[PDB]
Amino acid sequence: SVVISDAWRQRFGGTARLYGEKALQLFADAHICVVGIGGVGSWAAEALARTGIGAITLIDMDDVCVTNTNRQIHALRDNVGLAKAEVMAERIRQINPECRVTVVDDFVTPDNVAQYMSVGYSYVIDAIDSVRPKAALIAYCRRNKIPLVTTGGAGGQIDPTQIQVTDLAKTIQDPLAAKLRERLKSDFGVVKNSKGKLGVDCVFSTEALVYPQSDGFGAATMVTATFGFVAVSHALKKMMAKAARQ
């Protein structure tokens, strides 16, 4: 449990006024895991910190690169070469000194996913950009009823107003989600039920993909960050709904 300080109420008074006092405590007591701290995940982590989430785990083994500058909140001249997750953790500690931040300097694999998820998270935000670990994470959380929201590919898109949430089985214009569905089926026996759903919530966009315009898909902050923000809003909404139901 987290005791909400007077400082915490100064930082997050606007949160309490928007979501309610019960939600402020719910968020303070929550532990959310963000897997992948890149074009989508770095903004998700920022949003969690700024909405009074009391414990955040960040999982990534990558370093900050100069080419991250177009789409990642931690990508600053002075951060290049440092571990992404550690850089983001330090920022979170500046946002909320009372937030409990854990860094896992690793990638999720079929072999370690149970270990890393054994912490008992309130929610998992899957912002992984490669299919093999993404499938392992999703299959595990789905099997174990761990609340999860995943994100499709956020590159090759310029319009943030077309971003929305649907079941993973129903995404369009998203090659990553399409590969992911194939891998879930072939490697984990995850297939859609009678209603044509996989039972996995996925942030995606109706926008037709914009192919590389210069000599891999490009990306923009305005879209990749909004993927991350929509994932966070979705998660908090589901957490509040569950709490109201119990």
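The term rigid core refers to the maximal set of C-alpha atoms that superpose within 1.5 Å between the two forms. Numbering starts at 1 and runs along the sequence shown.
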| query | finding |
| --- | --- |
| Stretch with greater C-alpha deviation in 4 other deposited structures of this protein, 193 to 201 versus 42 to 50 (rigid core superposition) | 193 to 201 |
| Residue 70 coordinate gap across at least a third of other entries | no |
| Coordinates absent for residue 214 in a third or more of other entries | yes |
| Chain break class for residue 215 to residue 216, judged by how many deposited residues have no coordinates | 10 or more |
| Higher-scoring stretch by recorded Cα B factor average, 33 to 41 or 189 to 197 | 189 to 197 |
| Mean temperature factor over C-alpha atoms, higher-scoring stretch between 217 to 225 and 178 to 186 | 178 to 186 |
| Residue of maximum C-alpha B factor among 99, 117, 128, 149, per deposited coordinates | 117 |
| Residue of maximum C-alpha B factor among 65, 53, 58, 203, per deposited coordinates | 65 |
| Cα B factor band for residue 73 (lowest, middle or highest third within the chain) | lowest |
| For residue 208, the third of its chain into which the C-alpha B factor falls | highest |
| Third of the chain's Cα B-factor distribution that residue 139 belongs to, per the entry | highest |
| Residue 109 - which third its CA temperature factor falls in, relative to the rest of the chain | highest |
| Assigned third (lowest, middle, highest) for the C-alpha B factor of residue 81 | highest |
